[PDB]
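Okay, entry35.json is below, JSON, C-alpha atoms:
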```
[["chain", "number", "residue", "atom", "x", "y", "z"],
["J", 6, "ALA", "CA", 62.46, 75.14, 151.71],
["J", 7, "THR", "CA", 62.90, 71.40, 151.14],
["J", 8, "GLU", "CA", 66.65, 71.95, 151.12],
["J", 9, "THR", "CA", 66.17, 72.54, 154.81],
["J", 10, "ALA", "CA", 64.66, 69.11, 155.26],
["J", 11, "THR", "CA", 67.38, 67.63, 153.07],
["J", 12, "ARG", "CA", 70.16, 69.37, 155.00],
["J", 13, "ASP", "CA", 68.75, 67.90, 158.23],
["J", 14, "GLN", "CA", 68.52, 64.35, 156.91],
["J", 15, "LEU", "CA", 71.94, 64.30, 155.25],
["J", 16, "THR", "CA", 73.43, 65.62, 158.47],
["J", 17, "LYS", "CA", 71.64, 63.10, 160.65],
["J", 18, "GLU", "CA", 73.01, 60.35, 158.43],
["J", 19, "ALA", "CA", 76.42, 62.01, 158.46],
["J", 20, "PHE", "CA", 76.49, 61.91, 162.21],
["J", 21, "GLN", "CA", 75.63, 58.20, 162.11],
["J", 22, "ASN", "CA", 79.13, 57.59, 160.74],
["J", 23, "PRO", "CA", 81.68, 58.04, 163.58],
["J", 24, "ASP", "CA", 84.23, 59.07, 160.93],
["J", 25, "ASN", "CA", 82.49, 62.14, 159.54],
["J", 26, "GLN", "CA", 82.65, 63.56, 163.05],
["J", 27, "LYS", "CA", 85.45, 65.60, 164.63],
["J", 28, "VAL", "CA", 86.78, 64.69, 168.06],
["J", 29, "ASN", "CA", 87.72, 66.85, 171.07],
["J", 30, "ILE", "CA", 90.20, 66.13, 173.86],
["J", 31, "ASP", "CA", 89.54, 66.04, 177.61],
["J", 32, "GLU", "CA", 92.02, 67.02, 180.29],
["J", 33, "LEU", "CA", 93.52, 63.54, 180.02],
["J", 34, "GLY", "CA", 94.46, 63.45, 176.35],
["J", 35, "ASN", "CA", 91.36, 61.36, 175.69],
["J", 36, "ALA", "CA", 88.98, 61.62, 172.79],
["J", 37, "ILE", "CA", 85.37, 62.70, 173.13],
["J", 38, "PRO", "CA", 82.49, 63.52, 170.81],
["J", 39, "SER", "CA", 82.73, 67.14, 169.60],
["J", 40, "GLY", "CA", 79.31, 67.60, 168.08],
["J", 41, "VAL", "CA", 80.85, 69.02, 164.93],
["J", 42, "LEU", "CA", 80.98, 67.35, 161.52],
["J", 43, "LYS", "CA", 84.18, 67.54, 159.48],
["J", 44, "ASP", "CA", 84.34, 70.60, 157.13],
["J", 45, "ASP", "CA", 84.30, 68.82, 153.76],
["J", 46, "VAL", "CA", 81.38, 66.66, 154.93],
["J", 47, "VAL", "CA", 79.37, 69.74, 155.96],
["J", 48, "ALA", "CA", 80.09, 71.31, 152.57],
["J", 49, "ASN", "CA", 79.09, 68.28, 150.55],
["J", 50, "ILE", "CA", 75.85, 68.27, 152.63],
["J", 51, "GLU", "CA", 75.05, 71.85, 151.61],
["J", 52, "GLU", "CA", 75.79, 71.17, 147.94],
["J", 53, "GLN", "CA", 73.25, 68.32, 148.04],
["J", 54, "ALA", "CA", 70.64, 70.17, 150.08],
["J", 55, "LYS", "CA", 70.56, 73.27, 147.83],
["J", 56, "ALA", "CA", 70.72, 71.05, 144.74],
["J", 57, "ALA", "CA", 67.65, 69.26, 146.12],
["J", 58, "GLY", "CA", 65.97, 72.58, 146.71],
["J", 59, "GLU", "CA", 66.22, 73.59, 143.07],
["J", 60, "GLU", "CA", 65.25, 70.06, 142.09],
["J", 61, "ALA", "CA", 61.95, 69.89, 143.95],
["J", 62, "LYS", "CA", 61.18, 73.61, 143.52],
["J", 63, "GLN", "CA", 61.84, 74.22, 139.82],
["J", 64, "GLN", "CA", 60.17, 70.84, 139.29],
["J", 65, "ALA", "CA", 56.89, 71.50, 141.08],
["J", 66, "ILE", "CA", 56.51, 74.74, 139.11],
["J", 67, "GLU", "CA", 55.98, 72.40, 136.15],
["J", 68, "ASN", "CA", 52.40, 73.69, 135.99],
["S", 5, "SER", "CA", 53.64, 63.04, 157.83],
["S", 6, "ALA", "CA", 56.24, 65.33, 156.25],
["S", 7, "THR", "CA", 56.05, 67.43, 159.41],
["S", 8, "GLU", "CA", 56.91, 64.63, 161.77],
["S", 9, "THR", "CA", 59.80, 63.24, 159.69],
["S", 10, "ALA", "CA", 61.28, 66.68, 158.98],
["S", 11, "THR", "CA", 61.02, 67.51, 162.68],
["S", 12, "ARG", "CA", 62.61, 64.19, 163.69],
["S", 13, "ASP", "CA", 65.55, 64.92, 161.37],
["S", 14, "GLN", "CA", 65.97, 68.41, 162.74],
["S", 15, "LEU", "CA", 65.78, 67.43, 166.40],
["S", 16, "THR", "CA", 68.10, 64.48, 165.83],
["S", 17, "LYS", "CA", 70.60, 66.66, 163.97],
["S", 18, "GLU", "CA", 70.43, 69.31, 166.66],
["S", 19, "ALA", "CA", 70.85, 66.79, 169.51],
["S", 20, "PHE", "CA", 74.01, 65.38, 167.98],
["S", 21, "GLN", "CA", 75.49, 68.87, 168.13],
["S", 22, "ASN", "CA", 75.60, 68.47, 171.88],
["S", 23, "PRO", "CA", 78.21, 65.72, 172.32],
["S", 24, "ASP", "CA", 76.48, 64.86, 175.60],
["S", 25, "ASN", "CA", 73.48, 63.14, 173.96],
["S", 26, "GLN", "CA", 75.85, 60.78, 172.20],
["S", 27, "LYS", "CA", 76.55, 57.16, 173.02],
["S", 28, "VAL", "CA", 80.26, 56.58, 172.83],
["S", 29, "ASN", "CA", 82.77, 53.77, 172.28],
["S", 30, "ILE", "CA", 85.44, 54.09, 174.96],
["S", 31, "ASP", "CA", 88.55, 52.08, 174.03],
["S", 32, "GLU", "CA", 91.40, 50.68, 176.13],
["S", 33, "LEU", "CA", 93.36, 53.94, 176.38],
["S", 34, "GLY", "CA", 90.29, 55.76, 177.64],
["S", 35, "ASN", "CA", 89.30, 57.17, 174.27],
["S", 36, "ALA", "CA", 85.52, 57.67, 174.12],
["S", 37, "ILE", "CA", 85.01, 57.63, 170.35],
["S", 38, "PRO", "CA", 81.55, 58.64, 169.06],
["S", 39, "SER", "CA", 79.54, 55.53, 168.15],
["S", 40, "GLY", "CA", 77.04, 57.30, 165.91],
["S", 41, "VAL", "CA", 74.10, 56.52, 168.15],
["S", 42, "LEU", "CA", 72.20, 58.82, 170.53],
["S", 43, "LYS", "CA", 71.33, 58.08, 174.13],
["S", 44, "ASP", "CA", 68.05, 56.13, 174.33],
["S", 45, "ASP", "CA", 66.46, 58.95, 176.39],
["S", 46, "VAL", "CA", 66.96, 61.43, 173.58],
["S", 47, "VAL", "CA", 65.81, 59.12, 170.78],
["S", 48, "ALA", "CA", 62.67, 58.43, 172.82],
["S", 49, "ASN", "CA", 62.11, 62.06, 173.80],
["S", 50, "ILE", "CA", 62.68, 63.26, 170.24],
["S", 51, "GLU", "CA", 60.28, 60.64, 168.90],
["S", 52, "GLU", "CA", 57.45, 62.22, 170.92],
["S", 53, "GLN", "CA", 58.31, 65.76, 169.81],
["S", 54, "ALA", "CA", 58.32, 64.56, 166.20],
["S", 55, "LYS", "CA", 54.82, 63.13, 166.76],
["S", 56, "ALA", "CA", 53.51, 66.28, 168.45],
["S", 57, "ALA", "CA", 54.66, 68.31, 165.47],
["S", 58, "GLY", "CA", 52.75, 65.85, 163.31],
["S", 59, "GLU", "CA", 49.46, 66.07, 165.20],
["S", 60, "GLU", "CA", 49.88, 69.83, 165.50],
["S", 61, "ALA", "CA", 50.03, 69.84, 161.72],
["S", 62, "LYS", "CA", 47.03, 67.56, 161.24],
["S", 63, "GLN", "CA", 44.97, 69.46, 163.81],
["S", 64, "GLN", "CA", 46.02, 72.68, 162.13],
["S", 65, "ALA", "CA", 44.85, 71.56, 158.70],
["S", 66, "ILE", "CA", 41.57, 70.35, 160.21],
["S", 67, "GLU", "CA", 40.96, 73.81, 161.65],
["S", 68, "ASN", "CA", 40.22, 74.85, 158.06],
["Q", 6, "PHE", "CA", 147.46, 60.02, 195.38],
["Q", 7, "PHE", "CA", 144.09, 59.76, 193.51],
["Q", 8, "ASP", "CA", 143.19, 59.10, 189.85],
["Q", 9, "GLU", "CA", 142.86, 61.52, 186.95],
["Q", 10, "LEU", "CA", 139.28, 62.83, 187.25],
["Q", 11, "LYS", "CA", 137.07, 61.71, 184.36],
["Q", 12, "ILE", "CA", 133.44, 62.08, 183.30],
["Q", 13, "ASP", "CA", 131.83, 58.99, 181.79],
["Q", 14, "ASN", "CA", 130.82, 59.47, 178.14],
["Q", 15, "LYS", "CA", 127.56, 57.56, 178.64],
["Q", 16, "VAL", "CA", 124.79, 59.35, 180.53],
["Q", 17, "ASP", "CA", 121.71, 57.93, 182.32],
["Q", 18, "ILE", "CA", 118.42, 59.21, 180.94],
["Q", 19, "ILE", "CA", 116.11, 59.59, 183.92],
["Q", 20, "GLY", "CA", 112.79, 59.11, 182.14],
["Q", 21, "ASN", "CA", 113.75, 55.67, 180.82],
["Q", 22, "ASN", "CA", 116.84, 54.36, 182.63],
["Q", 23, "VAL", "CA", 118.66, 54.10, 179.34],
["Q", 24, "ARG", "CA", 122.40, 54.22, 179.80],
["Q", 25, "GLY", "CA", 123.75, 55.64, 176.59],
["Q", 26, "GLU", "CA", 124.99, 58.92, 175.19],
["Q", 27, "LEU", "CA", 123.08, 62.20, 175.20],
["Q", 28, "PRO", "CA", 120.30, 61.76, 172.62],
["Q", 29, "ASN", "CA", 120.55, 63.94, 169.51],
["Q", 30, "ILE", "CA", 116.99, 65.33, 169.83],
["Q", 31, "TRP", "CA", 115.81, 67.09, 172.98],
["Q", 32, "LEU", "CA", 112.88, 67.44, 175.25],
["Q", 33, "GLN", "CA", 113.33, 70.81, 176.87],
["Q", 34, "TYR", "CA", 113.70, 69.96, 180.58],
["Q", 35, "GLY", "CA", 114.54, 66.32, 180.04],
["Q", 36, "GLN", "CA", 117.20, 65.15, 182.46],
["Q", 37, "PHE", "CA", 120.13, 62.77, 182.63],
["Q", 38, "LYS", "CA", 123.04, 62.00, 184.96],
["Q", 39, "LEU", "CA", 126.76, 62.46, 184.42],
["Q", 40, "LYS", "CA", 129.04, 59.97, 186.19],
["Q", 41, "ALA", "CA", 132.31, 61.40, 187.51],
["Q", 42, "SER", "CA", 135.16, 59.02, 188.25],
["Q", 43, "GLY", "CA", 138.72, 59.60, 189.49],
["Q", 44, "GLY", "CA", 139.71, 62.31, 191.94],
["Q", 45, "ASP", "CA", 139.15, 62.20, 195.71],
["Q", 46, "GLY", "CA", 135.59, 60.94, 195.24],
["Q", 47, "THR", "CA", 134.06, 64.27, 196.33],
["Q", 48, "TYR", "CA", 132.28, 66.16, 193.53],
["Q", 49, "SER", "CA", 130.89, 69.56, 192.68],
["Q", 50, "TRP", "CA", 129.18, 70.39, 189.39],
["Q", 51, "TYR", "CA", 128.09, 73.44, 187.44],
["Q", 52, "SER", "CA", 127.01, 74.51, 183.98],
["Q", 53, "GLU", "CA", 128.78, 77.34, 182.25],
["Q", 54, "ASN", "CA", 125.50, 78.62, 180.80],
["Q", 55, "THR", "CA", 122.38, 78.22, 182.89],
["Q", 56, "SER", "CA", 120.21, 79.31, 179.99],
["Q", 57, "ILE", "CA", 121.01, 76.12, 178.17],
["Q", 58, "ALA", "CA", 121.52, 73.61, 180.99],
["Q", 59, "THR", "CA", 121.57, 73.23, 184.71],
["Q", 60, "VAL", "CA", 123.14, 70.67, 187.03],
["Q", 61, "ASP", "CA", 122.48, 69.67, 190.67],
["Q", 62, "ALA", "CA", 125.22, 68.72, 193.12],
["Q", 63, "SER", "CA", 124.48, 65.03, 192.50],
["Q", 64, "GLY", "CA", 125.30, 65.39, 188.80],
["Q", 65, "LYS", "CA", 121.79, 65.52, 187.39],
["Q", 66, "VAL", "CA", 121.53, 67.81, 184.39],
["Q", 67, "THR", "CA", 118.51, 69.57, 182.98],
["Q", 68, "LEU", "CA", 118.16, 70.89, 179.44],
["Q", 69, "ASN", "CA", 116.80, 74.43, 179.49],
["Q", 70, "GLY", "CA", 117.32, 75.64, 175.98],
["Q", 71, "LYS", "CA", 118.68, 74.66, 172.59],
["Q", 72, "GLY", "CA", 122.37, 75.40, 172.21],
["Q", 73, "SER", "CA", 125.75, 74.10, 173.36],
["Q", 74, "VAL", "CA", 127.29, 74.39, 176.78],
["Q", 75, "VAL", "CA", 129.84, 72.95, 179.13],
["Q", 76, "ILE", "CA", 129.31, 71.11, 182.40],
["Q", 77, "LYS", "CA", 132.36, 71.13, 184.67],
["Q", 78, "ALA", "CA", 133.02, 68.58, 187.38],
["Q", 79, "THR", "CA", 135.36, 69.34, 190.27],
["Q", 80, "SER", "CA", 136.81, 66.95, 192.81],
["Q", 81, "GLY", "CA", 138.17, 67.70, 196.27],
["Q", 82, "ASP", "CA", 141.74, 67.21, 195.10],
["Q", 83, "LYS", "CA", 141.51, 70.21, 192.75],
["Q", 84, "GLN", "CA", 140.66, 68.64, 189.39],
["Q", 85, "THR", "CA", 138.35, 70.15, 186.80],
["Q", 86, "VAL", "CA", 137.14, 68.26, 183.78],
["Q", 87, "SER", "CA", 134.76, 69.47, 181.06],
["Q", 88, "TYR", "CA", 131.87, 67.49, 179.68],
["Q", 89, "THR", "CA", 130.52, 69.33, 176.69],
["Q", 90, "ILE", "CA", 126.89, 69.24, 175.55],
["Q", 91, "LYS", "CA", 126.62, 69.89, 171.79],
["Q", 92, "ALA", "CA", 123.46, 71.57, 170.53],
["Q", 93, "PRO", "CA", 120.78, 69.03, 169.43],
["Q", 94, "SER", "CA", 119.24, 68.53, 165.97],
["Q", 95, "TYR", "CA", 115.91, 69.93, 167.19],
["Q", 96, "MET", "CA", 114.18, 70.53, 170.52],
["Q", 97, "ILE", "CA", 110.67, 70.09, 171.89],
["Q", 98, "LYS", "CA", 109.08, 72.99, 173.80],
["Q", 99, "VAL", "CA", 105.68, 72.75, 175.42],
["Q", 100, "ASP", "CA", 103.98, 76.12, 175.14],
["Q", 101, "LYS", "CA", 100.40, 77.09, 175.97],
["Q", 102, "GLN", "CA", 97.23, 75.21, 175.13],
["Q", 103, "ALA", "CA", 95.81, 76.63, 171.92],
["Q", 104, "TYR", "CA", 93.52, 75.78, 169.06],
["Q", 105, "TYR", "CA", 95.40, 74.63, 165.99],
["Q", 106, "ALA", "CA", 95.57, 78.02, 164.26],
["Q", 107, "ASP", "CA", 96.88, 79.57, 167.46],
["Q", 108, "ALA", "CA", 99.34, 76.68, 167.77],
["Q", 109, "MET", "CA", 100.92, 77.79, 164.50],
["Q", 110, "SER", "CA", 100.90, 81.44, 165.52],
["Q", 111, "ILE", "CA", 102.64, 80.86, 168.87],
["Q", 112, "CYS", "CA", 105.06, 78.42, 167.17],
["Q", 113, "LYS", "CA", 105.84, 80.50, 164.07],
["Q", 114, "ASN", "CA", 104.57, 77.48, 162.10],
["Q", 115, "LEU", "CA", 107.05, 75.17, 163.75],
["Q", 116, "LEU", "CA", 104.63, 72.50, 164.97],
["Q", 117, "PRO", "CA", 105.89, 68.92, 164.36],
["Q", 118, "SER", "CA", 105.58, 68.00, 160.69],
["Q", 119, "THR", "CA", 105.08, 64.26, 161.16],
["Q", 120, "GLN", "CA", 104.26, 62.22, 164.25],
["Q", 121, "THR", "CA", 107.68, 60.60, 164.34],
["Q", 122, "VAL", "CA", 109.03, 63.98, 165.38],
["Q", 123, "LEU", "CA", 107.34, 63.55, 168.73],
["Q", 124, "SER", "CA", 107.39, 59.76, 169.00],
["Q", 125, "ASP", "CA", 111.18, 59.78, 168.63],
["Q", 126, "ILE", "CA", 111.37, 62.21, 171.54],
["Q", 127, "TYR", "CA", 109.38, 59.70, 173.54],
["Q", 128, "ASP", "CA", 111.62, 56.81, 172.52],
["Q", 129, "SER", "CA", 114.69, 58.83, 173.50],
["Q", 130, "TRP", "CA", 113.36, 60.28, 176.75],
["Q", 131, "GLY", "CA", 110.11, 58.65, 177.94],
["Q", 132, "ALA", "CA", 106.93, 60.20, 179.38],
["Q", 133, "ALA", "CA", 107.62, 63.88, 179.97],
["Q", 134, "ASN", "CA", 106.22, 63.66, 183.49],
["Q", 135, "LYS", "CA", 109.11, 61.41, 184.51],
["Q", 136, "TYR", "CA", 111.03, 64.69, 184.66],
["Q", 137, "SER", "CA", 111.12, 67.47, 187.27],
["Q", 138, "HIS", "CA", 109.44, 70.13, 185.17],
["Q", 139, "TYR", "CA", 106.47, 68.08, 183.91],
["Q", 140, "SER", "CA", 106.53, 65.89, 187.02],
["Q", 141, "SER", "CA", 102.96, 66.50, 188.15],
["Q", 142, "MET", "CA", 101.17, 66.33, 184.82],
["Q", 143, "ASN", "CA", 98.81, 63.56, 183.71],
["Q", 144, "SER", "CA", 98.77, 64.52, 180.03],
["Q", 145, "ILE", "CA", 100.35, 66.68, 177.37],
["Q", 146, "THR", "CA", 98.44, 66.17, 174.14],
["Q", 147, "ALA", "CA", 100.27, 67.88, 171.33],
["Q", 148, "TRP", "CA", 99.47, 69.18, 167.83],
["Q", 149, "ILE", "CA", 100.85, 67.60, 164.65],
["Q", 150, "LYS", "CA", 100.88, 69.93, 161.61],
["Q", 151, "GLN", "CA", 97.89, 69.28, 159.36],
["Q", 152, "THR", "CA", 97.99, 67.47, 156.04],
["Q", 153, "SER", "CA", 95.94, 68.65, 153.08],
["Q", 154, "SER", "CA", 92.98, 66.34, 153.79],
["Q", 155, "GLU", "CA", 93.19, 67.13, 157.48],
["Q", 156, "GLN", "CA", 93.01, 70.80, 156.48],
["Q", 157, "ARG", "CA", 90.05, 70.60, 154.07],
["Q", 158, "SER", "CA", 88.46, 68.57, 156.84],
["Q", 159, "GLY", "CA", 88.99, 71.06, 159.65],
["Q", 160, "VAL", "CA", 91.07, 68.87, 161.91],
["Q", 161, "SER", "CA", 94.62, 67.73, 162.52],
["Q", 162, "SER", "CA", 96.38, 64.80, 164.24],
["Q", 163, "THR", "CA", 97.86, 64.68, 167.76],
["Q", 164, "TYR", "CA", 100.32, 62.78, 169.95],
["Q", 165, "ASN", "CA", 100.82, 62.71, 173.71],
["Q", 166, "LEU", "CA", 104.20, 63.60, 175.14],
["Q", 167, "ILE", "CA", 103.19, 61.64, 178.18],
["Q", 168, "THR", "CA", 100.76, 58.84, 177.34],
["Q", 169, "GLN", "CA", 101.61, 58.68, 173.61],
["Q", 170, "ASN", "CA", 98.11, 57.71, 172.48],
["Q", 171, "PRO", "CA", 98.13, 59.26, 169.01],
["Q", 172, "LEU", "CA", 94.73, 60.45, 167.83],
["Q", 173, "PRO", "CA", 93.69, 61.51, 164.32],
["Q", 174, "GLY", "CA", 90.51, 63.43, 163.40],
["Q", 175, "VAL", "CA", 90.96, 66.03, 166.13],
["Q", 176, "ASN", "CA", 88.86, 69.21, 166.02],
["Q", 177, "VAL", "CA", 91.23, 72.11, 165.41],
["Q", 178, "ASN", "CA", 89.25, 74.00, 168.06],
["Q", 179, "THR", "CA", 89.49, 71.60, 170.93],
["Q", 180, "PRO", "CA", 90.79, 72.74, 174.29],
["Q", 181, "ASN", "CA", 93.39, 70.63, 176.08],
["Q", 182, "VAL", "CA", 95.93, 70.46, 173.26],
["Q", 183, "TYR", "CA", 99.35, 72.05, 173.81],
["Q", 184, "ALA", "CA", 101.21, 74.05, 171.22],
["Q", 185, "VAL", "CA", 104.48, 72.12, 171.09],
["Q", 186, "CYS", "CA", 107.11, 73.95, 169.07],
["Q", 187, "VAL", "CA", 110.09, 72.37, 167.36],
["Q", 188, "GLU", "CA", 113.26, 74.47, 167.20]]
```

Could I get this structure in the form of structure tokens?
Amino acid sequence: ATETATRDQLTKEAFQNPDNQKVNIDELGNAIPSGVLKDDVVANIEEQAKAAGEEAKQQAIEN
Amino acid sequence: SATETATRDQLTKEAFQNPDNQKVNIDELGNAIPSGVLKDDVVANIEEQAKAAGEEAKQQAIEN
Amino acid sequence: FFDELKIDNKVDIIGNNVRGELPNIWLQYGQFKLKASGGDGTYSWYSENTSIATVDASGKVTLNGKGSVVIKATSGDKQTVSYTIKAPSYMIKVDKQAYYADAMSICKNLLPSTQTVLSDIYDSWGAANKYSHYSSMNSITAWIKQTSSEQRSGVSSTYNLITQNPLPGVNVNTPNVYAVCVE
């Protein structure tokens, strides 16, 4: 639905903050992007996406 | 267009999932910490895709 | 007509040229040198329990396992003196690389609780590659037991037995992180 669009956006913004992202380690003990967002951040994204789904949906149905 | 923007979000989100499309901030110790910005090539390439999705939507509606 | 063979109390940590007494926390395979004085000058060494320590003819010892053991020195003039190694408070063991969860498995949950547990080992020994066993390694990133936030977040901290370089926010599922157990 629109919670799909929301999920995307909130994740794109999440990724914009170097902190919300997990880090991997190369064969030299050095950090590197992992491509994964921290667990609590991913959760809080879902909460907001689904909550935006109901919002827009149950709203539009207002006639 | 809702199509373009949604697409852009999706492609951006997806591209970040591949830590190779990510600009980084290598420190003194050698630590490449994610900067939060994608490699110009991707941003540019995504931008086009987003637009194609948009036209594909507009052209689709017109074919009605 | 020689002197009463003795073994100097102070040892020489290889990894950091510190001349002091055997640190109270160990890096499995760390090494130090015993200095034998007295006797006819000619020396022979040996550990009474090779599972816990080993010693080369030049007097360089290697810690192989947690426990206590005796290192004997013998001179040409027939003199045997005992330098005793008393079991340490805890000991660092580098196991296999493993994602965090696996780290705990392999280590029976004995990963370092705080970072000081590994940093102190550094301060007492030095980079682990300064020693024979880790000699040709460029890095040994190690796991530091999660905290609650770390846990809800899906990551944990890390420290490097060689280059130090502590790093927080590390993906629990990253390769290249060793399961270092504390016993």

- Task: Please identify all polymer residues within 6 Å of stretch 39-41 of chain J, counting all atoms listed in the file, omitting same-chain residues fewer than 3 positions from it, and present them as a VMD selection string.
- Result: (chain J and resid 27 to 29) or (chain S and resid 20 to 23)

Counting only C-alpha atoms, which residues of chain J sit at most 8 Å from some atom of chain Q, and what is each one's closest atom pair with its distance in Å to one decimal, listed by chain and rising residue number, as a tab-separated table?
```
residue	atom	partner	partner_atom	distance
J:26	CA	Q:174	CA	7.9
J:27	CA	Q:176	CA	5.2
J:28	CA	Q:175	CA	4.8
J:29	CA	Q:179	CA	5.1
J:30	CA	Q:181	CA	5.9
J:31	CA	Q:181	CA	6.2
J:32	CA	Q:181	CA	5.7
J:33	CA	Q:144	CA	5.3
J:34	CA	Q:146	CA	5.3
J:36	CA	Q:172	CA	7.7
J:39	CA	Q:176	CA	7.4
J:43	CA	Q:158	CA	5.1
J:44	CA	Q:158	CA	4.6
J:45	CA	Q:158	CA	5.2
J:46	CA	Q:158	CA	7.6
```

For C-alpha atoms, I'd like the residues from the last selection saved as a compact mmCIF listing (two decimals), keeping the file's coordinate frame.
```
# COMPACT_ATOMS: atom_id res chain seq x y z
CA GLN J 26 82.65 63.56 163.05
CA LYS J 27 85.45 65.60 164.63
CA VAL J 28 86.78 64.69 168.06
CA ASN J 29 87.72 66.85 171.07
CA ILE J 30 90.20 66.13 173.86
CA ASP J 31 89.54 66.04 177.61
CA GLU J 32 92.02 67.02 180.29
CA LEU J 33 93.52 63.54 180.02
CA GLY J 34 94.46 63.45 176.35
CA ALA J 36 88.98 61.62 172.79
CA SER J 39 82.73 67.14 169.60
CA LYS J 43 84.18 67.54 159.48
CA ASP J 44 84.34 70.60 157.13
CA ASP J 45 84.30 68.82 153.76
CA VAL J 46 81.38 66.66 154.93
```

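Atom CA of residue S:38 is positioned 9.1 Å from atom CA of residue J:21.
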
- Task: Quick one: residues within 9 Å of (123.2, 78.2, 172.8) (file frame), counting all atoms listed in the file, please, as a ChimeraX atom specification.
- Result: /Q:54,56-57,70-74,92

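Near chain J, counting all atoms listed in the file at 7 Å, the chain S residues are residues 10, 13, 14, 16, 17, 20, 21, 22, 23, 34, 35, 36, 37, 38, 39, 40 and 41 of chain S.
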
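Atom pair atom CA of residue Q:162 / atom CA of residue Q:96: separated by 19.7 Å.
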
- Message: Quick check, in Å to one decimal: how far apart do atom CA of residue Q:33 and atom CA of residue Q:99 lie?
- Response: 8.0 Å

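Residues within 7 Å of stretch 110-122 of chain Q, counting only C-alpha atoms and excluding same-chain residues fewer than 5 positions away, are residues 148, 149, 150, 164, 185, 186 and 187 of chain Q.
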
- Distance criterion (only C-alpha atoms): nearest to chain Q out of S:67, S:60, S:45, S:32: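 Among S:67, S:60, S:45, S:32, it is S:32 that comes nearest to chain Q.
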